[PDB]
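Engineer: Before we start, here is the structure in question, set down as structure tokens.
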Amino acid sequence: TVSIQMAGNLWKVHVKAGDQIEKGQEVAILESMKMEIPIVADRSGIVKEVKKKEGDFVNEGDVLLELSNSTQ
């Protein structure tokens, strides 16, 4: 699974089900602390599903997405 690491609102998201990501690739952006901060893939994989959308509330450990390689 991949998850947000801080409280905020999920400024934008760049994945969809069936997309592919690689460790350290950008995946979303998080608005908090009166800044915007990138969110990067904890691991590579095909995206199985996305659990969030643009502007949704997010938190530390709150899920962003699920993979066709999430350990498994």
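Letters A, B, ... go to the chains of the structure tokens in the order shown; residues in each chain start at 1; ligands are counted from 1 in the same order.
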Please identify all polymer residues within 6 Å of stretch 55-62 of chain A, counting only C-alpha atoms, omitting same-chain residues fewer than 3 positions from it, and present them as a count of residues only.

Structural biologist: 9

Engineer: Tell me, as an MDAnalysis selection string, which residues lie within 9 Å of residue A:25, counting only C-alpha atoms; anything in the same chain fewer than 4 positions away does not count.

Structural biologist: chainID A and resid 21 39:44

Engineer: Keeping only N, CA and C atoms, take the residues you just selected and write them out as a PDB file, in the first residue's frame.

Structural biologist:
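New file part_10.pdb:
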ATOM      1  N   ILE A  21       3.855   2.848 -11.482  1.00  0.00           N
ATOM      2  CA  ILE A  21       4.706   3.756 -10.725  1.00  0.00           C
ATOM      3  C   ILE A  21       6.021   3.037 -10.420  1.00  0.00           C
ATOM      4  N   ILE A  39       4.328  14.032  -3.080  1.00  0.00           N
ATOM      5  CA  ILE A  39       4.159  12.705  -2.512  1.00  0.00           C
ATOM      6  C   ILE A  39       4.744  11.766  -3.562  1.00  0.00           C
ATOM      7  N   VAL A  40       5.583  10.830  -3.121  1.00  0.00           N
ATOM      8  CA  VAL A  40       6.360   9.961  -3.994  1.00  0.00           C
ATOM      9  C   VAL A  40       6.097   8.500  -3.627  1.00  0.00           C
ATOM     10  N   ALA A  41       6.241   7.613  -4.610  1.00  0.00           N
ATOM     11  CA  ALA A  41       5.918   6.207  -4.484  1.00  0.00           C
ATOM     12  C   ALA A  41       6.909   5.548  -3.529  1.00  0.00           C
ATOM     13  N   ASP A  42       6.401   4.909  -2.475  1.00  0.00           N
ATOM     14  CA  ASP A  42       7.219   4.158  -1.518  1.00  0.00           C
ATOM     15  C   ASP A  42       7.886   2.940  -2.166  1.00  0.00           C
ATOM     16  N   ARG A  43       7.308   2.436  -3.261  1.00  0.00           N
ATOM     17  CA  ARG A  43       7.708   1.222  -3.961  1.00  0.00           C
ATOM     18  C   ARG A  43       7.182   1.305  -5.396  1.00  0.00           C
ATOM     19  N   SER A  44       7.759   0.532  -6.309  1.00  0.00           N
ATOM     20  CA  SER A  44       7.245   0.383  -7.667  1.00  0.00           C
ATOM     21  C   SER A  44       5.985  -0.498  -7.678  1.00  0.00           C
TER      22      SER A  44
END

Engineer: When you draw a straight line from atom CA of residue A:34 to atom CA of residue A:14, how long is it in Å?

Structural biologist: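 Computing the Euclidean distance for atom CA of residue A:34 and atom CA of residue A:14 yields 21.3 Å.
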
Engineer: Just the residues within 8 Å of residue A:70, please, counting only C-alpha atoms, with nothing from its chain fewer than 4 positions along; format it as an MDAnalysis selection string.

Structural biologist: chainID A and resid 1 45 66

Engineer: For residue A:47, which residue among A:17, A:30, A:64, A:23 is the nearest when counting only C-alpha atoms?

Structural biologist: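 Result for the nearest residue to residue A:47: A:17.
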
Engineer: Using atom CA of residue A:50 and atom CA of residue A:35 as the two end points, give the distance in Å to one decimal.

Structural biologist: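 Pair atom CA of residue A:50 / atom CA of residue A:35 returns 23.6 Å.
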
Engineer: For the atom pair atom CA of residue A:48 and atom CA of residue A:68, what is the interatomic distance in Å to one decimal place?

Structural biologist: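 Here the two named atoms are 5.2 Å from each other.
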
Engineer: Taking only C-alpha atoms into account, which of A:46, A:67, A:16, A:54 comes nearest residue A:29?

Structural biologist: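 Of A:46, A:67, A:16, A:54, the one nearest residue A:29, counting only C-alpha atoms, is A:54.
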
Engineer: As a PDB file with N, CA and C atoms, in the first residue's frame, please: every residue in chain A that a backbone DSSP assignment puts in strand (DSSP E or B).

Structural biologist:
ATOM      1  N   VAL A   2       0.424   2.401  -0.477  1.00  0.00           N
ATOM      2  CA  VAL A   2       1.161   3.664  -0.375  1.00  0.00           C
ATOM      3  C   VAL A   2       0.202   4.656   0.281  1.00  0.00           C
ATOM      4  N   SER A   3       0.731   5.538   1.129  1.00  0.00           N
ATOM      5  CA  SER A   3      -0.038   6.351   2.061  1.00  0.00           C
ATOM      6  C   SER A   3       0.625   7.721   2.220  1.00  0.00           C
ATOM      7  N   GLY A   8      -3.085  17.152   5.892  1.00  0.00           N
ATOM      8  CA  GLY A   8      -3.251  18.165   4.861  1.00  0.00           C
ATOM      9  C   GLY A   8      -4.457  17.865   3.981  1.00  0.00           C
ATOM     10  N   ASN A   9      -4.471  18.434   2.778  1.00  0.00           N
ATOM     11  CA  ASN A   9      -5.455  18.146   1.735  1.00  0.00           C
ATOM     12  C   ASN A   9      -4.673  17.773   0.483  1.00  0.00           C
ATOM     13  N   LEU A  10      -5.137  16.765  -0.246  1.00  0.00           N
ATOM     14  CA  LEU A  10      -4.370  16.119  -1.304  1.00  0.00           C
ATOM     15  C   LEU A  10      -4.488  16.923  -2.600  1.00  0.00           C
ATOM     16  N   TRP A  11      -3.716  18.009  -2.691  1.00  0.00           N
ATOM     17  CA  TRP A  11      -3.750  19.041  -3.725  1.00  0.00           C
ATOM     18  C   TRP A  11      -4.091  18.493  -5.114  1.00  0.00           C
ATOM     19  N   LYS A  12      -3.325  17.511  -5.611  1.00  0.00           N
ATOM     20  CA  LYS A  12      -3.594  16.811  -6.869  1.00  0.00           C
ATOM     21  C   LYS A  12      -3.100  15.371  -6.756  1.00  0.00           C
ATOM     22  N   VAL A  13      -3.543  14.511  -7.673  1.00  0.00           N
ATOM     23  CA  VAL A  13      -3.180  13.099  -7.775  1.00  0.00           C
ATOM     24  C   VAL A  13      -2.919  12.830  -9.260  1.00  0.00           C
ATOM     25  N   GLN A  20       1.282   2.606 -13.930  1.00  0.00           N
ATOM     26  CA  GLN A  20       2.467   2.026 -13.304  1.00  0.00           C
ATOM     27  C   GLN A  20       3.251   3.151 -12.631  1.00  0.00           C
ATOM     28  N   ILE A  21       3.855   2.848 -11.482  1.00  0.00           N
ATOM     29  CA  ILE A  21       4.706   3.756 -10.725  1.00  0.00           C
ATOM     30  C   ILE A  21       6.021   3.037 -10.420  1.00  0.00           C
ATOM     31  N   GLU A  26       6.973  10.746  -8.448  1.00  0.00           N
ATOM     32  CA  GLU A  26       5.846  11.522  -7.940  1.00  0.00           C
ATOM     33  C   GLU A  26       4.530  10.778  -8.228  1.00  0.00           C
ATOM     34  N   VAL A  27       3.538  10.944  -7.349  1.00  0.00           N
ATOM     35  CA  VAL A  27       2.242  10.260  -7.437  1.00  0.00           C
ATOM     36  C   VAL A  27       1.086  11.202  -7.096  1.00  0.00           C
ATOM     37  N   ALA A  28       1.325  12.175  -6.216  1.00  0.00           N
ATOM     38  CA  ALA A  28       0.357  13.165  -5.783  1.00  0.00           C
ATOM     39  C   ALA A  28       1.129  14.362  -5.224  1.00  0.00           C
ATOM     40  N   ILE A  29       0.406  15.393  -4.799  1.00  0.00           N
ATOM     41  CA  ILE A  29       0.937  16.562  -4.112  1.00  0.00           C
ATOM     42  C   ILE A  29      -0.027  16.819  -2.954  1.00  0.00           C
ATOM     43  N   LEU A  30       0.504  17.316  -1.843  1.00  0.00           N
ATOM     44  CA  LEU A  30      -0.159  17.494  -0.563  1.00  0.00           C
ATOM     45  C   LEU A  30      -0.023  18.969  -0.214  1.00  0.00           C
ATOM     46  N   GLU A  31      -1.138  19.643   0.050  1.00  0.00           N
ATOM     47  CA  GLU A  31      -1.173  21.014   0.532  1.00  0.00           C
ATOM     48  C   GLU A  31      -1.279  20.941   2.053  1.00  0.00           C
ATOM     49  N   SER A  32      -0.332  21.561   2.752  1.00  0.00           N
ATOM     50  CA  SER A  32      -0.324  21.707   4.201  1.00  0.00           C
ATOM     51  C   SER A  32       0.749  22.737   4.550  1.00  0.00           C
ATOM     52  N   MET A  35       2.055  25.485   2.272  1.00  0.00           N
ATOM     53  CA  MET A  35       2.923  25.097   1.167  1.00  0.00           C
ATOM     54  C   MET A  35       2.238  23.961   0.397  1.00  0.00           C
ATOM     55  N   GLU A  36       2.858  23.532  -0.704  1.00  0.00           N
ATOM     56  CA  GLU A  36       2.531  22.292  -1.389  1.00  0.00           C
ATOM     57  C   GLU A  36       3.812  21.454  -1.393  1.00  0.00           C
ATOM     58  N   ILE A  37       3.679  20.148  -1.164  1.00  0.00           N
ATOM     59  CA  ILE A  37       4.778  19.218  -0.936  1.00  0.00           C
ATOM     60  C   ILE A  37       4.475  17.986  -1.803  1.00  0.00           C
ATOM     61  N   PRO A  38       5.432  17.457  -2.583  1.00  0.00           N
ATOM     62  CA  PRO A  38       5.194  16.275  -3.399  1.00  0.00           C
ATOM     63  C   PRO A  38       4.998  15.035  -2.520  1.00  0.00           C
ATOM     64  N   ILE A  39       4.328  14.032  -3.080  1.00  0.00           N
ATOM     65  CA  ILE A  39       4.159  12.705  -2.512  1.00  0.00           C
ATOM     66  C   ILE A  39       4.744  11.766  -3.562  1.00  0.00           C
ATOM     67  N   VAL A  40       5.583  10.830  -3.121  1.00  0.00           N
ATOM     68  CA  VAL A  40       6.360   9.961  -3.994  1.00  0.00           C
ATOM     69  C   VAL A  40       6.097   8.500  -3.627  1.00  0.00           C
ATOM     70  N   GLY A  45       5.192  -0.442  -8.754  1.00  0.00           N
ATOM     71  CA  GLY A  45       4.114  -1.397  -9.009  1.00  0.00           C
ATOM     72  C   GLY A  45       3.114  -0.888 -10.044  1.00  0.00           C
ATOM     73  N   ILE A  46       2.232  -1.770 -10.520  1.00  0.00           N
ATOM     74  CA  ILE A  46       1.014  -1.378 -11.232  1.00  0.00           C
ATOM     75  C   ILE A  46       0.035  -0.879 -10.167  1.00  0.00           C
ATOM     76  N   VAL A  47      -0.704   0.191 -10.440  1.00  0.00           N
ATOM     77  CA  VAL A  47      -1.738   0.714  -9.560  1.00  0.00           C
ATOM     78  C   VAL A  47      -2.978  -0.167  -9.712  1.00  0.00           C
ATOM     79  N   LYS A  48      -3.389  -0.831  -8.630  1.00  0.00           N
ATOM     80  CA  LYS A  48      -4.587  -1.664  -8.601  1.00  0.00           C
ATOM     81  C   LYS A  48      -5.816  -0.790  -8.389  1.00  0.00           C
ATOM     82  N   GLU A  49      -5.731   0.204  -7.503  1.00  0.00           N
ATOM     83  CA  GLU A  49      -6.822   1.119  -7.193  1.00  0.00           C
ATOM     84  C   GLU A  49      -6.220   2.373  -6.551  1.00  0.00           C
ATOM     85  N   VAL A  50      -6.949   3.489  -6.577  1.00  0.00           N
ATOM     86  CA  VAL A  50      -6.568   4.740  -5.928  1.00  0.00           C
ATOM     87  C   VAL A  50      -7.669   5.030  -4.903  1.00  0.00           C
ATOM     88  N   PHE A  57      -9.357  15.290   2.087  1.00  0.00           N
ATOM     89  CA  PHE A  57      -8.617  15.289   3.342  1.00  0.00           C
ATOM     90  C   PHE A  57      -7.722  14.050   3.399  1.00  0.00           C
ATOM     91  N   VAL A  58      -6.526  14.201   3.965  1.00  0.00           N
ATOM     92  CA  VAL A  58      -5.555  13.128   4.131  1.00  0.00           C
ATOM     93  C   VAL A  58      -4.792  13.331   5.441  1.00  0.00           C
ATOM     94  N   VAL A  63      -4.250   6.100   3.580  1.00  0.00           N
ATOM     95  CA  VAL A  63      -3.908   5.445   2.323  1.00  0.00           C
ATOM     96  C   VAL A  63      -4.131   6.402   1.143  1.00  0.00           C
ATOM     97  N   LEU A  64      -3.252   6.302   0.141  1.00  0.00           N
ATOM     98  CA  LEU A  64      -3.330   6.985  -1.145  1.00  0.00           C
ATOM     99  C   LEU A  64      -3.802   6.000  -2.214  1.00  0.00           C
ATOM    100  N   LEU A  65      -3.202   4.807  -2.295  1.00  0.00           N
ATOM    101  CA  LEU A  65      -3.429   3.861  -3.388  1.00  0.00           C
ATOM    102  C   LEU A  65      -3.017   2.447  -2.986  1.00  0.00           C
ATOM    103  N   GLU A  66      -3.366   1.482  -3.834  1.00  0.00           N
ATOM    104  CA  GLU A  66      -3.113   0.054  -3.686  1.00  0.00           C
ATOM    105  C   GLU A  66      -2.535  -0.445  -5.020  1.00  0.00           C
ATOM    106  N   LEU A  67      -1.797  -1.562  -5.029  1.00  0.00           N
ATOM    107  CA  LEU A  67      -0.986  -1.972  -6.177  1.00  0.00           C
ATOM    108  C   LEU A  67      -1.286  -3.422  -6.560  1.00  0.00           C
TER     109      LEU A  67
END
